[PDB]
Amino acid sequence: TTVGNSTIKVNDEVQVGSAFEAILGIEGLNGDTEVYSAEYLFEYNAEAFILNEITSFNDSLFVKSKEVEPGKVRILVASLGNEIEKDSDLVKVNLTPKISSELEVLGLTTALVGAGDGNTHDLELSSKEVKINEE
């Protein structure tokens, strides 16, 4: 089963040629789960978006990422010291749309946390739909 929820926060509407942020995080973690790292597989339609940069939501974490196939990005978030708070935002994914669309899905198809028991644990998955307006 799972120890908490993944979160993705993004505006409902984006626009061709205008950069926007998807914000990846966690929410509702079990009280006894002490989180030191997270891992997403972030998915998006590589025909519709340009991946610009993926960065930490703040400077108490570091992010590493690799687009392992077009539109599938492995994202490792790690604490620099402190326990990661239970409802924190962790990663900023900066994208620019390049085609209009009525509906595109930004998804987390893998979402895991490394904890103070030395083990990995599952999070519930998440996605968000956006409409891409014309430039």
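All residue numbers refer to positions in the sequence shown, first residue = 1.
*58-66 or 88-96, whichever carries the higher mean Cα B-factor*: Going by the record's values, the stretch with the higher mean is 58-66.
*Averaging only over Cα atoms, indicate whether 23-31 or 43-51 has the higher B-factor in the PDB entry.*
Averaging CA B-factors over each stretch, the winner is 23-31.
*Relative to the other modelled residues in the chain, which third contains the C-alpha temperature factor of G17: lowest, middle or highest?*
Lowest third.
*C-alpha B factor of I8, ranked within the chain: lowest, middle or highest third?*
Its C-alpha B-factor, which the entry lists for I8, ranks in the lowest third among residues of this chain.
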